[PDB]
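Peer 1: Got coords.txt for you, compact mmCIF, N, CA and C atoms:
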```txt
# COMPACT_ATOMS: atom_id res chain seq x y z
N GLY A 1 84.58 83.86 73.17
CA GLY A 1 85.75 84.53 73.72
C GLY A 1 85.84 85.98 73.30
N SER A 2 86.00 86.87 74.27
CA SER A 2 86.10 88.30 74.00
C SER A 2 87.11 88.96 74.93
N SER A 3 87.79 89.99 74.43
CA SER A 3 88.78 90.71 75.21
C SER A 3 88.35 92.15 75.44
N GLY A 4 87.06 92.36 75.64
CA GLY A 4 86.54 93.69 75.86
C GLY A 4 85.03 93.75 75.80
N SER A 5 84.48 94.96 75.66
CA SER A 5 83.04 95.14 75.59
C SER A 5 82.65 95.86 74.30
N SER A 6 83.31 95.49 73.20
CA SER A 6 83.03 96.09 71.90
C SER A 6 82.00 95.28 71.13
N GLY A 7 81.36 95.92 70.16
CA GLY A 7 80.35 95.24 69.36
C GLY A 7 79.33 96.20 68.78
N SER A 8 78.78 95.84 67.62
CA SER A 8 77.80 96.68 66.95
C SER A 8 76.38 96.22 67.28
N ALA A 9 75.59 97.13 67.85
CA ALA A 9 74.21 96.82 68.21
C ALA A 9 73.51 96.04 67.10
N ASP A 10 73.71 96.47 65.86
CA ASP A 10 73.10 95.81 64.71
C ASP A 10 73.41 94.32 64.72
N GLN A 11 74.69 93.98 64.86
CA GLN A 11 75.11 92.59 64.87
C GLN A 11 74.23 91.76 65.80
N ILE A 12 74.23 92.11 67.08
CA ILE A 12 73.42 91.40 68.07
C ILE A 12 72.04 91.06 67.51
N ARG A 13 71.35 92.07 67.00
CA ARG A 13 70.02 91.88 66.44
C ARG A 13 70.07 90.93 65.25
N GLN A 14 71.01 91.17 64.34
CA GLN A 14 71.16 90.34 63.16
C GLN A 14 71.24 88.86 63.53
N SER A 15 72.24 88.52 64.34
CA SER A 15 72.43 87.14 64.77
C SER A 15 71.13 86.55 65.30
N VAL A 16 70.48 87.28 66.19
CA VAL A 16 69.22 86.83 66.78
C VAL A 16 68.30 86.24 65.72
N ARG A 17 68.22 86.91 64.57
CA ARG A 17 67.37 86.46 63.48
C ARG A 17 67.71 85.02 63.09
N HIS A 18 68.92 84.82 62.58
CA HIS A 18 69.37 83.49 62.18
C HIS A 18 69.17 82.48 63.30
N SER A 19 69.79 82.75 64.45
CA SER A 19 69.69 81.87 65.60
C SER A 19 68.28 81.32 65.74
N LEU A 20 67.30 82.22 65.77
CA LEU A 20 65.90 81.83 65.90
C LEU A 20 65.47 80.94 64.74
N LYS A 21 65.48 81.49 63.54
CA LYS A 21 65.10 80.74 62.35
C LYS A 21 65.68 79.33 62.38
N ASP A 22 66.89 79.21 62.92
CA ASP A 22 67.56 77.91 63.01
C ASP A 22 66.70 76.92 63.79
N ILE A 23 66.27 77.31 64.98
CA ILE A 23 65.44 76.46 65.81
C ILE A 23 64.13 76.11 65.12
N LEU A 24 63.35 77.14 64.80
CA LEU A 24 62.07 76.95 64.13
C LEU A 24 62.25 76.20 62.81
N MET A 25 63.50 76.07 62.37
CA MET A 25 63.80 75.37 61.13
C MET A 25 64.07 73.89 61.39
N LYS A 26 64.95 73.61 62.34
CA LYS A 26 65.29 72.24 62.69
C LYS A 26 64.13 71.55 63.40
N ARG A 27 63.20 72.35 63.90
CA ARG A 27 62.03 71.82 64.60
C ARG A 27 60.89 71.54 63.63
N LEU A 28 60.48 72.56 62.89
CA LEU A 28 59.40 72.43 61.93
C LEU A 28 59.72 71.35 60.90
N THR A 29 60.97 71.32 60.44
CA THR A 29 61.40 70.34 59.46
C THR A 29 61.19 68.92 59.97
N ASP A 30 61.26 68.76 61.29
CA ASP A 30 61.07 67.45 61.90
C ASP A 30 59.62 67.25 62.34
N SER A 31 58.85 68.34 62.31
CA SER A 31 57.45 68.29 62.71
C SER A 31 56.54 68.16 61.49
N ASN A 32 57.10 67.64 60.40
CA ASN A 32 56.34 67.46 59.17
C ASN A 32 55.52 68.70 58.85
N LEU A 33 55.98 69.85 59.33
CA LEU A 33 55.29 71.12 59.10
C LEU A 33 55.42 71.55 57.64
N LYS A 34 54.29 71.62 56.95
CA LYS A 34 54.28 72.03 55.55
C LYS A 34 54.26 73.55 55.42
N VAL A 35 54.99 74.22 56.31
CA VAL A 35 55.06 75.68 56.29
C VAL A 35 56.21 76.17 55.41
N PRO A 36 56.01 77.33 54.78
CA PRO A 36 57.02 77.93 53.91
C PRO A 36 58.24 78.44 54.68
N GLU A 37 59.42 78.19 54.14
CA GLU A 37 60.66 78.62 54.78
C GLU A 37 60.54 80.05 55.29
N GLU A 38 59.76 80.86 54.59
CA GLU A 38 59.56 82.25 54.97
C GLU A 38 58.84 82.35 56.31
N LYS A 39 57.87 81.48 56.52
CA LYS A 39 57.10 81.47 57.76
C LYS A 39 58.02 81.67 58.97
N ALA A 40 58.88 80.70 59.22
CA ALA A 40 59.82 80.78 60.34
C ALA A 40 60.60 82.09 60.31
N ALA A 41 61.21 82.38 59.17
CA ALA A 41 61.99 83.60 59.01
C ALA A 41 61.20 84.82 59.50
N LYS A 42 60.14 85.16 58.78
CA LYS A 42 59.30 86.30 59.14
C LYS A 42 59.15 86.40 60.66
N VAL A 43 58.64 85.35 61.27
CA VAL A 43 58.44 85.32 62.72
C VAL A 43 59.70 85.78 63.45
N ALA A 44 60.83 85.16 63.12
CA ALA A 44 62.10 85.51 63.74
C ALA A 44 62.41 86.99 63.57
N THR A 45 62.64 87.40 62.33
CA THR A 45 62.95 88.79 62.02
C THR A 45 62.05 89.74 62.81
N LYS A 46 60.81 89.31 63.05
CA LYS A 46 59.85 90.12 63.79
C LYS A 46 60.22 90.18 65.27
N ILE A 47 60.50 89.02 65.85
CA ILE A 47 60.87 88.95 67.26
C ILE A 47 61.73 90.14 67.67
N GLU A 48 62.75 90.43 66.87
CA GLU A 48 63.64 91.54 67.14
C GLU A 48 62.92 92.88 67.00
N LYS A 49 62.15 93.01 65.92
CA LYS A 49 61.40 94.23 65.66
C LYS A 49 60.51 94.59 66.85
N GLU A 50 60.11 93.57 67.61
CA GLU A 50 59.26 93.78 68.77
C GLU A 50 60.09 93.92 70.04
N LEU A 51 61.13 93.09 70.15
CA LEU A 51 62.01 93.12 71.32
C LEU A 51 62.78 94.43 71.38
N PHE A 52 63.67 94.63 70.41
CA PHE A 52 64.48 95.85 70.35
C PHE A 52 63.62 97.08 70.60
N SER A 53 62.34 96.99 70.25
CA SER A 53 61.41 98.10 70.43
C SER A 53 60.96 98.20 71.89
N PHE A 54 60.21 97.20 72.34
CA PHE A 54 59.71 97.18 73.71
C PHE A 54 60.81 97.57 74.69
N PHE A 55 62.03 97.14 74.41
CA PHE A 55 63.17 97.44 75.26
C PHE A 55 63.83 98.75 74.85
N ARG A 56 63.89 98.98 73.54
CA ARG A 56 64.50 100.20 73.01
C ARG A 56 65.98 100.28 73.41
N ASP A 57 66.59 99.12 73.64
CA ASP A 57 67.99 99.07 74.03
C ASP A 57 68.53 97.64 73.92
N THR A 58 69.83 97.52 73.70
CA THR A 58 70.47 96.22 73.57
C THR A 58 71.36 95.92 74.78
N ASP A 59 70.78 95.99 75.97
CA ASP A 59 71.52 95.72 77.20
C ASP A 59 71.25 94.30 77.70
N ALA A 60 71.95 93.92 78.76
CA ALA A 60 71.79 92.59 79.33
C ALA A 60 70.33 92.15 79.29
N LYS A 61 69.46 92.95 79.90
CA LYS A 61 68.03 92.64 79.93
C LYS A 61 67.54 92.18 78.57
N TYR A 62 67.72 93.03 77.56
CA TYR A 62 67.29 92.70 76.20
C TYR A 62 67.63 91.26 75.86
N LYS A 63 68.86 90.86 76.14
CA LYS A 63 69.31 89.50 75.87
C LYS A 63 68.61 88.50 76.78
N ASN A 64 68.46 88.86 78.05
CA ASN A 64 67.81 88.00 79.03
C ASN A 64 66.45 87.52 78.51
N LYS A 65 65.68 88.45 77.96
CA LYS A 65 64.36 88.13 77.43
C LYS A 65 64.47 87.26 76.19
N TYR A 66 65.40 87.62 75.30
CA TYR A 66 65.60 86.87 74.07
C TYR A 66 65.95 85.41 74.37
N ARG A 67 67.01 85.21 75.14
CA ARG A 67 67.45 83.87 75.50
C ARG A 67 66.36 83.13 76.28
N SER A 68 65.39 83.88 76.79
CA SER A 68 64.30 83.30 77.56
C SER A 68 63.15 82.90 76.64
N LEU A 69 63.13 83.47 75.44
CA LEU A 69 62.08 83.18 74.47
C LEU A 69 62.44 81.94 73.64
N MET A 70 63.67 81.92 73.13
CA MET A 70 64.13 80.79 72.32
C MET A 70 64.47 79.59 73.21
N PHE A 71 64.68 79.86 74.49
CA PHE A 71 65.01 78.80 75.44
C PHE A 71 63.85 77.82 75.60
N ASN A 72 62.63 78.36 75.60
CA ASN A 72 61.44 77.53 75.74
C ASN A 72 61.10 76.83 74.43
N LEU A 73 61.83 77.18 73.37
CA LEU A 73 61.61 76.59 72.06
C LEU A 73 62.49 75.35 71.86
N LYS A 74 63.75 75.47 72.25
CA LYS A 74 64.69 74.36 72.13
C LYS A 74 64.38 73.26 73.14
N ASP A 75 63.96 73.67 74.33
CA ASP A 75 63.62 72.72 75.39
C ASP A 75 62.82 71.55 74.83
N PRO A 76 63.13 70.33 75.32
CA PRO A 76 62.45 69.11 74.88
C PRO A 76 61.00 69.05 75.37
N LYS A 77 60.76 69.58 76.56
CA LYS A 77 59.42 69.59 77.13
C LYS A 77 58.45 70.38 76.25
N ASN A 78 58.86 71.58 75.86
CA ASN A 78 58.04 72.44 75.02
C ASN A 78 58.12 72.01 73.56
N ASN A 79 57.06 71.35 73.08
CA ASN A 79 57.01 70.89 71.70
C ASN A 79 55.79 71.44 70.98
N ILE A 80 55.23 72.52 71.52
CA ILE A 80 54.05 73.15 70.92
C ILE A 80 54.30 74.63 70.65
N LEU A 81 55.06 75.27 71.53
CA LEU A 81 55.37 76.69 71.38
C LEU A 81 55.78 77.01 69.95
N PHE A 82 56.87 76.39 69.50
CA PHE A 82 57.37 76.61 68.15
C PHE A 82 56.25 76.44 67.12
N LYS A 83 55.26 75.62 67.46
CA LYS A 83 54.14 75.37 66.57
C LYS A 83 53.06 76.44 66.74
N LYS A 84 52.96 76.98 67.95
CA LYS A 84 51.98 78.02 68.24
C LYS A 84 52.25 79.28 67.43
N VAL A 85 53.47 79.80 67.55
CA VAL A 85 53.86 81.01 66.83
C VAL A 85 53.81 80.78 65.32
N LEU A 86 54.35 79.65 64.88
CA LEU A 86 54.36 79.31 63.46
C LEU A 86 52.94 79.20 62.91
N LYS A 87 52.15 78.32 63.50
CA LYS A 87 50.77 78.12 63.07
C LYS A 87 49.99 79.44 63.12
N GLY A 88 50.23 80.22 64.16
CA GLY A 88 49.55 81.50 64.30
C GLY A 88 48.96 81.69 65.68
N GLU A 89 48.80 80.60 66.42
CA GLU A 89 48.25 80.66 67.77
C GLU A 89 48.82 81.84 68.54
N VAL A 90 50.14 81.95 68.55
CA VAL A 90 50.82 83.03 69.25
C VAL A 90 51.49 83.99 68.27
N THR A 91 51.60 85.25 68.67
CA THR A 91 52.23 86.26 67.83
C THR A 91 53.66 86.54 68.27
N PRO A 92 54.50 86.98 67.32
CA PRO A 92 55.91 87.29 67.59
C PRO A 92 56.07 88.54 68.45
N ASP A 93 54.96 89.23 68.70
CA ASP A 93 54.98 90.44 69.51
C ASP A 93 54.55 90.15 70.94
N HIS A 94 53.48 89.38 71.08
CA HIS A 94 52.96 89.02 72.40
C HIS A 94 53.86 87.98 73.07
N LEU A 95 54.46 87.12 72.26
CA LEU A 95 55.34 86.08 72.78
C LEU A 95 56.32 86.65 73.80
N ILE A 96 56.64 87.93 73.65
CA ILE A 96 57.56 88.59 74.56
C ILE A 96 56.88 88.92 75.89
N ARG A 97 55.62 89.34 75.81
CA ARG A 97 54.86 89.68 77.00
C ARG A 97 54.50 88.43 77.80
N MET A 98 54.56 87.28 77.15
CA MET A 98 54.25 86.01 77.80
C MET A 98 55.18 85.76 78.97
N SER A 99 54.60 85.51 80.14
CA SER A 99 55.39 85.26 81.35
C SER A 99 56.18 83.96 81.22
N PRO A 100 57.25 83.84 82.01
CA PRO A 100 58.11 82.65 82.00
C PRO A 100 57.42 81.43 82.59
N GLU A 101 56.27 81.65 83.22
CA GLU A 101 55.51 80.56 83.82
C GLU A 101 54.37 80.12 82.90
N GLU A 102 54.10 80.92 81.88
CA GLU A 102 53.04 80.62 80.93
C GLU A 102 53.58 79.84 79.74
N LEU A 103 54.78 80.21 79.29
CA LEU A 103 55.41 79.55 78.16
C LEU A 103 55.36 78.03 78.31
N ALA A 104 55.26 77.57 79.56
CA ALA A 104 55.20 76.14 79.84
C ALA A 104 53.75 75.68 80.01
N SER A 105 52.87 76.62 80.32
CA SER A 105 51.46 76.31 80.52
C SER A 105 50.97 75.33 79.45
N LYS A 106 51.43 75.52 78.23
CA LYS A 106 51.05 74.65 77.12
C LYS A 106 49.55 74.36 77.15
N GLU A 107 48.76 75.39 77.43
CA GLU A 107 47.31 75.24 77.49
C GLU A 107 46.67 75.52 76.13
N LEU A 108 45.57 74.83 75.85
CA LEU A 108 44.87 75.00 74.58
C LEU A 108 43.61 75.84 74.76
N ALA A 109 42.60 75.25 75.40
CA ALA A 109 41.34 75.94 75.64
C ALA A 109 41.59 77.39 76.05
N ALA A 110 42.71 77.64 76.71
CA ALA A 110 43.06 78.98 77.15
C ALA A 110 42.98 79.98 76.00
N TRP A 111 43.59 79.62 74.87
CA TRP A 111 43.59 80.49 73.70
C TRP A 111 42.19 81.03 73.43
N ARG A 112 41.24 80.13 73.18
CA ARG A 112 39.87 80.52 72.91
C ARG A 112 38.97 79.29 72.78
N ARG A 113 37.81 79.34 73.44
CA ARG A 113 36.86 78.24 73.41
C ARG A 113 35.86 78.42 72.28
N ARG A 114 36.37 78.58 71.06
CA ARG A 114 35.51 78.77 69.89
C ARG A 114 35.58 77.55 68.97
N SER A 115 36.74 76.90 68.94
CA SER A 115 36.93 75.72 68.10
C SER A 115 37.52 74.57 68.91
N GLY A 116 36.83 73.44 68.91
CA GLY A 116 37.30 72.28 69.65
C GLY A 116 37.39 71.04 68.78
N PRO A 117 38.38 71.01 67.88
CA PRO A 117 38.59 69.89 66.97
C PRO A 117 39.09 68.64 67.69
N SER A 118 39.36 68.79 68.99
CA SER A 118 39.85 67.67 69.79
C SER A 118 41.05 67.01 69.13
N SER A 119 41.99 67.83 68.66
CA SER A 119 43.19 67.32 68.01
C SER A 119 44.26 66.98 69.03
N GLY A 120 44.52 65.68 69.21
CA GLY A 120 45.52 65.24 70.15
C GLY A 120 46.06 63.86 69.83
```
Any chance you could put this one into structure tokens?
Peer 2:
Amino acid sequence: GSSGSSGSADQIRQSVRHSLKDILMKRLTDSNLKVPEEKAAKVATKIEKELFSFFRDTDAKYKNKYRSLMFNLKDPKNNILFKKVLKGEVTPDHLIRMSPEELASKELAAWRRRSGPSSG
């Protein structure tokens, strides 16, 4: 609820951090992920460092992309993305350049045909 268009740009970015870490936290914790609490954090804090930059502004668009990045993380269908960025498969910088049709691709071999541990 708001009665105007006031707000500190910093805030928006700040919240984004926690919000993200929250997901990668409630997810990894359930994914028996033996990753350090910092792992998720770092990634999150970075997301903004890359977003706020690529956009260089905190306008609707900026949010559109953000809500579009974490949206594919919370989704029940996507159960690898959160693991991709965390594990390292995907970067917190490129994740933004990733198209809305790729985030679902959930492709493996695509990454690189150098290692095929056949983990499934």
Peer 1: I'd like to know which of A:9, A:109, A:81, A:104 is closest to residue 58 in chain A, using only C-alpha atoms.
Peer 2: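 Looking only at the distances to residue 58 in chain A, the closest residue turns out to be A:9.
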Peer 1: Quick one: pull the distance between atom C of residue 46 in chain A and CA of residue 23 in chain A, Å, one decimal.
Peer 2: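 CA of residue 23 in chain A lies at a distance of 14.7 Å from atom C of residue 46 in chain A.
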Peer 1: Could you jot down the atom C of residue 31 in chain A to atom C of residue 83 in chain A separation for me, Å, one decimal place?
Peer 2: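 Atom-to-atom, atom C of residue 31 in chain A to atom C of residue 83 in chain A, that is 10.4 Å.
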Peer 1: Counting only C-alpha atoms, what is within 8 Å of range 60-74 of chain A, bar same-chain residues fewer than 2 positions away, as a VMD selection string?
Peer 2: chain A and resid 20 23 to 24 51 to 52 55 57 to 58 76 78 to 79 81 to 82 95 to 96 100 103 to 104
Peer 1: Identify all residues of range 32-81 of chain A in helix (DSSP H, G or I) (DSSP on the backbone) and supply them as a PyMOL selection string.
Peer 2: chain A and resi 37-55+60-69+71-74+81
Peer 1: Contacts of residue 34 in chain A at 12 Å or less, counting only C-alpha atoms, minus same-chain residues fewer than 6 places along, as a ChimeraX atom specification?
Peer 2: /A:25,27-28,40,83,86-87
Peer 1: One decimal, Å: what's the distance from atom C of residue 21 in chain A over to atom C of residue 120 in chain A, could you say?
Peer 2: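 Separation of atom C of residue 21 in chain A and atom C of residue 120 in chain A: 26.1 Å.
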Peer 1: Where atoms are missing, can you supply N, CA, C and O atoms for range 60-79 of chain A and output the lot as a tab-separated table (two decimals), keeping the file's coordinate frame?
Peer 2:
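Dumped to part-v2.tsv:
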```tsv
chain	number	residue	atom	x	y	z
A	60	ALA	N	71.95	93.92	78.76
A	60	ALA	CA	71.79	92.59	79.33
A	60	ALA	C	70.33	92.15	79.29
A	60	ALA	O	70.00	91.10	78.73
A	61	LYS	N	69.46	92.95	79.90
A	61	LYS	CA	68.03	92.64	79.93
A	61	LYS	C	67.54	92.18	78.57
A	61	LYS	O	67.02	91.07	78.42
A	62	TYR	N	67.72	93.03	77.56
A	62	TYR	CA	67.29	92.70	76.20
A	62	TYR	C	67.63	91.26	75.86
A	62	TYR	O	66.78	90.52	75.35
A	63	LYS	N	68.86	90.86	76.14
A	63	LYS	CA	69.31	89.50	75.87
A	63	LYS	C	68.61	88.50	76.78
A	63	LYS	O	68.20	87.42	76.34
A	64	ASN	N	68.46	88.86	78.05
A	64	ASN	CA	67.81	88.00	79.03
A	64	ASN	C	66.45	87.52	78.51
A	64	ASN	O	66.12	86.34	78.61
A	65	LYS	N	65.68	88.45	77.96
A	65	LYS	CA	64.36	88.13	77.43
A	65	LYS	C	64.47	87.26	76.19
A	65	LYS	O	63.74	86.29	76.03
A	66	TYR	N	65.40	87.62	75.30
A	66	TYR	CA	65.60	86.87	74.07
A	66	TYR	C	65.95	85.41	74.37
A	66	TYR	O	65.27	84.49	73.91
A	67	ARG	N	67.01	85.21	75.14
A	67	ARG	CA	67.45	83.87	75.50
A	67	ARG	C	66.36	83.13	76.28
A	67	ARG	O	66.39	81.91	76.40
A	68	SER	N	65.39	83.88	76.79
A	68	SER	CA	64.30	83.30	77.56
A	68	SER	C	63.15	82.90	76.64
A	68	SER	O	62.30	82.09	77.01
A	69	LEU	N	63.13	83.47	75.44
A	69	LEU	CA	62.08	83.18	74.47
A	69	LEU	C	62.44	81.94	73.64
A	69	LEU	O	61.63	81.03	73.48
A	70	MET	N	63.67	81.92	73.13
A	70	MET	CA	64.13	80.79	72.32
A	70	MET	C	64.47	79.59	73.21
A	70	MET	O	64.54	78.46	72.73
A	71	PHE	N	64.68	79.86	74.49
A	71	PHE	CA	65.01	78.80	75.44
A	71	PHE	C	63.85	77.82	75.60
A	71	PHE	O	64.05	76.61	75.72
A	72	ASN	N	62.63	78.36	75.60
A	72	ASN	CA	61.44	77.53	75.74
A	72	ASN	C	61.10	76.83	74.43
A	72	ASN	O	60.20	75.99	74.37
A	73	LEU	N	61.83	77.18	73.37
A	73	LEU	CA	61.61	76.59	72.06
A	73	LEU	C	62.49	75.35	71.86
A	73	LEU	O	62.02	74.32	71.38
A	74	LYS	N	63.75	75.47	72.25
A	74	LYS	CA	64.69	74.36	72.13
A	74	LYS	C	64.38	73.26	73.14
A	74	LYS	O	64.52	72.07	72.85
A	75	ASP	N	63.96	73.67	74.33
A	75	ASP	CA	63.62	72.72	75.39
A	75	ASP	C	62.82	71.55	74.83
A	75	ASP	O	61.95	71.71	73.98
A	76	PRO	N	63.13	70.33	75.32
A	76	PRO	CA	62.45	69.11	74.88
A	76	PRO	C	61.00	69.05	75.37
A	76	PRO	O	60.13	68.52	74.67
A	77	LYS	N	60.76	69.58	76.56
A	77	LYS	CA	59.42	69.59	77.13
A	77	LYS	C	58.45	70.38	76.25
A	77	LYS	O	57.36	69.91	75.94
A	78	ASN	N	58.86	71.58	75.86
A	78	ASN	CA	58.04	72.44	75.02
A	78	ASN	C	58.12	72.01	73.56
A	78	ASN	O	59.11	72.26	72.88
A	79	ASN	N	57.06	71.35	73.08
A	79	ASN	CA	57.01	70.89	71.70
A	79	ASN	C	55.79	71.44	70.98
A	79	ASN	O	55.35	70.89	69.97
```
